[PDB]
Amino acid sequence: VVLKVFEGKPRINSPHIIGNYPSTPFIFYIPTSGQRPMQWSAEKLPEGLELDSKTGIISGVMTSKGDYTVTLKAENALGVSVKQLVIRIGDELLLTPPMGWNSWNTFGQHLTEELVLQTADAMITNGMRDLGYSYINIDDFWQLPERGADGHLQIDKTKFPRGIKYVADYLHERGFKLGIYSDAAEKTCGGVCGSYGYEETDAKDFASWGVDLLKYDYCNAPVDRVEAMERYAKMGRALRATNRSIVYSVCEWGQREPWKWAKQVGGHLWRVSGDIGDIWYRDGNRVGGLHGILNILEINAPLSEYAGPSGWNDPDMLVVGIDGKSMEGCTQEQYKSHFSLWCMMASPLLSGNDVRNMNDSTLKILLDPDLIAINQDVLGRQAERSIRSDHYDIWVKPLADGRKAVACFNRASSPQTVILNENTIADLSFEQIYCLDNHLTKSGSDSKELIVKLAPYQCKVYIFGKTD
């Protein structure tokens, strides 16, 4: 049996590397599975940082650039977990893909302080925080339609009666990071105030409120690519001029090949496509509107070379478990494959579901420790789709330890069998295979073949090779 998130001896989970700018606030909750109560400690925690042994949160400010290797320890009644953490202080954020939640699908124009706080509380108690989900992102309509005559964005005080900073403080106390939303135009997609021409003011306000991520949309801006690049560069400079490490999420729907320029202008992730729908197949580029999961896979597949630490291709939100709720859907197996492939592609793992009231089956997917560990692998390679056959894909992701994760993904509505052998993919080591389906390792085998049986829509993942 697989141990649930709050049972058994401690297991310190991914990420095992974290980046932050020098002389900016640093917060990291150590994601840790296992029964509570739990106690944390550290060896070689650098000057500038402190660990709260009761809460598992590392916080402070580091002023010197470099890589610092810390040994973390988590202890409960049943045992101990010891794990290395590398802290890189420099100009590199999101050394692993960001994980978290975006508010739009659940709350739309009706987000409030209370509802953000409820969401944070639920992420603590449902296991998500302990599997590495850390970003809680406010989307459109937190602000009023017009800029204040004073030159500043106006917080909707009906929604946020104590301001955005209150929310940020609540989140930070619990190891979460706060995301906010604006647009590179006078008006956002929803028609409230954007940041064009006021980038410096807006960035300084975001930083004063304790914002940790900005999603920067491109509604109402000129199609022109040089203009887009310049508007994104301008906000990037504005963010770097503040006293915080603010993650910069570029959202111009993949129309100007952002994979070729977004990282260069300061982005840490960039949308590669139009919006994802809670649907398996829909060609949004043909009929307009939402794209299906399969369609976004086709778009992202050839973009692996552009992704890596501090610069991720963003295939949009995880629709896992939405079940056609909104505010028809996909099958459980389809949702599982969607999650699996987002993991393999080193995608942001940002849930768009209501995380306060998910069912066990949805959390079983979102909390999968092996798949998340693959997503968070420090090498940061986006899996290549090495084979796209009539019915199935083979995706391959090299890992930092020298092994290769291999995902066999059945697109079809009928069962399919895939026979992996030494000729399927180049440099695939059969001497040791870890199977994620049953958590078993086959070692020192004479067999150079693996029969993979897939249900409709199913993705099975394996890790090939011995560690260095």
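Residue numbers here begin at 1 and follow the sequence given.
The modelled chain breaks between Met327 and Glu328, where 4 to 9 residues of the deposited sequence lack coordinates. Between the stretches 376 to 384 and 339 to 347, it is 376 to 384 that shows the larger average CA temperature factor. Between 278 to 286 and 112 to 120, the higher mean Cα B-factor belongs to 278 to 286. In this structure the maximum Cα B-factor among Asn137, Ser134, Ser310, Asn76 is found at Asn76. In the PDB entry, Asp150 places in the highest third of its chain by CA B-factor. Residue-level temperature factors show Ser14 in the highest third of its chain, judged at the C-alpha atom. Ranked by Cα temperature factor within the chain, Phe26 sits in the middle third according to the deposited record. Ranked by Cα temperature factor within the chain, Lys397 sits in the middle third according to the deposited record. Ranked within its chain, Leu297 lands in the lowest third, by CA B factor from the PDB record.
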